[PDB]
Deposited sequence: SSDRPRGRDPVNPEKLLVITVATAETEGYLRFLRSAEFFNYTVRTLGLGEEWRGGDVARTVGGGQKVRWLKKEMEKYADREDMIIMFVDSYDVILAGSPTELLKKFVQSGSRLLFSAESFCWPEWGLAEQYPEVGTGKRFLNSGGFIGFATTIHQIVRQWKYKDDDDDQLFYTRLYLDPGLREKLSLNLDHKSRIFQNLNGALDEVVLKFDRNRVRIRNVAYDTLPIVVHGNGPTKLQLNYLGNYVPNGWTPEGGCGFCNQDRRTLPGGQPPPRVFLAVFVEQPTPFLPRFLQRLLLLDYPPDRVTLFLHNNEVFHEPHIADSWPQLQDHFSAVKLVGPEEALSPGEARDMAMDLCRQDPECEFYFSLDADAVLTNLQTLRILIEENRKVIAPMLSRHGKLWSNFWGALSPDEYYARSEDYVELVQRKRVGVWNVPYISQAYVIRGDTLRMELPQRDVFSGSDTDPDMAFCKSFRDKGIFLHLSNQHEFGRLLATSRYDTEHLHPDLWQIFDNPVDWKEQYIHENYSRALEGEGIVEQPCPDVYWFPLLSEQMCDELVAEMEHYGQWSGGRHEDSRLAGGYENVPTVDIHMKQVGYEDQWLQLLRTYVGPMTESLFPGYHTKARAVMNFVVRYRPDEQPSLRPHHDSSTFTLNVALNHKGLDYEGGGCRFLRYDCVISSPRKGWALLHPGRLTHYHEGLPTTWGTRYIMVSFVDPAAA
């Protein structure tokens, strides 16, 4: 048994990037002892992500190996740091190195890089990996010193080509006992073997398994175009996320705060924008520390922004609006907003937030700042769907692709802070990162690609982690696909696409509590029920939408009412079918009226069928009342739409068979009474002003 204290891990890292700090955490988890070479110098190895290079690593290693040139007692493993995570203990590592019977064991991959012509000089291996990879090797300190001493080349010369030619020496291969980890018992290179690697979970740690050779490797190396696939594995291995302990680096359980530059973007006609602008005042963060930027590209929202701006300017420390007259594209506006924080040393954090993002958690800004990340984003999903503000993986064309754990994250099966290749809609960026690591202005613009895809690619090219947190419920995304903007109040027609937001704005706030009972629903007349249904904003926008139509009912209008022996009981009304709002009102009946009816009438079941839906107008100048009659319906929904006293003086409904009078109608409330036989109801006269009501004859 080789003593673990005789093991030394040597790596090269010119800066403490996120990939390096991720490597060190996996090393400190297994109690490895790591010596890092080159933390202060600059990288002279060229552009190793693009072409050949990395000779500066061997030069620093040769200088380091001169102290251990005669140390036969020391085992030394050299691995990369930016794209390597450790999945195994030193004891298992040394045990597997002894079983190999090699004095210097290199890693093996599927490609002969960089010179493909040397593929013949390699020995024939049956089913394992054939060629050498310099990204990770382990061996005796003396045998390594006899190899790394021969390096006398430029800093920008390929390091793997140097180790390959020394391995391809048949004599030197036999003398020093050089071998390649063919079946990935210690080193796992991902390039060319992506389908071979899967995760293997345990109670409090995670490893990887090579299903092609049935091995549990120790070193996971994301060489080449597999850096994203390693970020996926790095979210778990070794203790990134565990089934019993949860994630390992997130905050989980949670005097001036940092100054923030909030940047709102309205790049398309967005529903419920006045609700979004009113929510900016409610974010739980000291507003005197927030500087607001807002870019509105739509002229449809200029009145919305103007109504909210006096409150925004008085709330935040500073505000600035860039309206549609500047003719700014989405890429140019996001560059400008981000650069305003970059060029200000007082901007400690940058918070971009699109208009279609609804922040239900008012502490979102704090939560993301406490996570202490460079780029972190809150998880926002479309209500009841898998669509969300992040991607789990990329296609070969760097477009969308579903990751193996994408659904587990959206459904919040596994919770934590995840390294993901794409974020959007909302994210918090550290101010230092914008000045030190992405100082250029062309972050979103520059190339013919989506400004949002270029923003994420600009951070991946610099080795920045795009974090995504689903540790808490942050909010949801709106549906802006087909937003019909040609209405006096287009948010009324948003009951299908955004029902959760439609309910908060239009349905009465006490409706849901009334549906659960507890003494809200009243019974003013024997079989007439009274419950709150619509909000004051719903009543106002519906009345205004009717008057904006203008063409009310006059002579020769027939409503399905019953008086005496004829159906000649008219009203001055407008049907929902005339304004193109029939399907939208039927959906209100199915979702909110139907369930309320079956609760108040035990045994009755509705599908909320209704062919007669209309708004009645009562005025002393034209039809101020309605003579007694029956309704052609099983039950009738009678909803007021304005105030008694402020808008009209006059009675409401009167049921003759009971001598019961509804003399004081409530604005947002609704009446639910049977239409036939027992409820001969009469409309009391309106003496002053105008009285509006919404009425549907349900289940005829």
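No C-alpha positions are given in the record for the deposited-sequence stretches 1-9, 264-269, 716-718.
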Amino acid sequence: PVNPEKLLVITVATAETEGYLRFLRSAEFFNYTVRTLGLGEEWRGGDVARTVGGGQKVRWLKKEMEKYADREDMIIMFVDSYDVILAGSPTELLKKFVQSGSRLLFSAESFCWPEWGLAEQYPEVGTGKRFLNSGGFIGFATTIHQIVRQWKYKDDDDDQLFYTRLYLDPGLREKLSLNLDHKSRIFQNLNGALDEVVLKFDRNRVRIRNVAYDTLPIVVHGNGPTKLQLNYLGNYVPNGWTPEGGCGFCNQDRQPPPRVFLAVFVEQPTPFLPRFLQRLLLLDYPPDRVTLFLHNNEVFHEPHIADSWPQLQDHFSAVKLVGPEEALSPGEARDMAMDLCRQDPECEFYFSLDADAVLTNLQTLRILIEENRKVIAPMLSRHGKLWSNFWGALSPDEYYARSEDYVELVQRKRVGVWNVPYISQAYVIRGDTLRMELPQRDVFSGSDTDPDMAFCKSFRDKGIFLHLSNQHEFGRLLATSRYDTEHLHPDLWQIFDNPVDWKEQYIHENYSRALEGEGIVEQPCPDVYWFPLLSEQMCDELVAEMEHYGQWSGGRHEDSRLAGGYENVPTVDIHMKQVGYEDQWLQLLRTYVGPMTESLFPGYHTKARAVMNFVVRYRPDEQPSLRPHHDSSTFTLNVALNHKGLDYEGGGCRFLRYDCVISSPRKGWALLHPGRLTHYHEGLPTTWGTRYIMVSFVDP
From here on, numbers count along this sequence of modelled residues.
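Only the largest set of C-alpha atoms that superpose within 1.5 Å between the two forms is called the rigid core.
Root mean square Cα distance to the shown form, taken over structures and residues in 8 other deposited structures of this protein after a core fit, is higher for 244-252 when 244-252 and 595-603 are compared. In the other compared entries of this protein that model both flanking residues, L641 has coordinates in every one, well short of a third left out.
Modelled in this chain, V58 is likewise resolved in all the other entries of the protein that span it on both sides, not missing from even a third of them.
The PDB entry records a higher mean C-alpha B factor for 148-156 than for its counterpart among 505-513 and 148-156. Here the stretch with the larger average CA B-factor, out of 360-368 and 164-172, is 164-172. Residue set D432, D344, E622, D80: peak C-alpha B-factor at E622 (per PDB entry).
Within the selection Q255, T215, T242, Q188, the deposited Cα B-factor values reach their highest point at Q255.
Per the PDB record, residue ranking by Cα B-factor puts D397 in the highest third of the chain. Annotation for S599: C-alpha temperature factor in the middle third relative to the rest of the modelled chain, per the entry. The entry lists a Cα temperature factor for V407 that places it in the middle third of the chain's modelled residues.
Ranked by Cα temperature factor within the chain, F265 sits in the lowest third according to the deposited record. Ranked against the other modelled residues of its chain, the C-alpha B-factor of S329 as given in the entry falls in the middle third.
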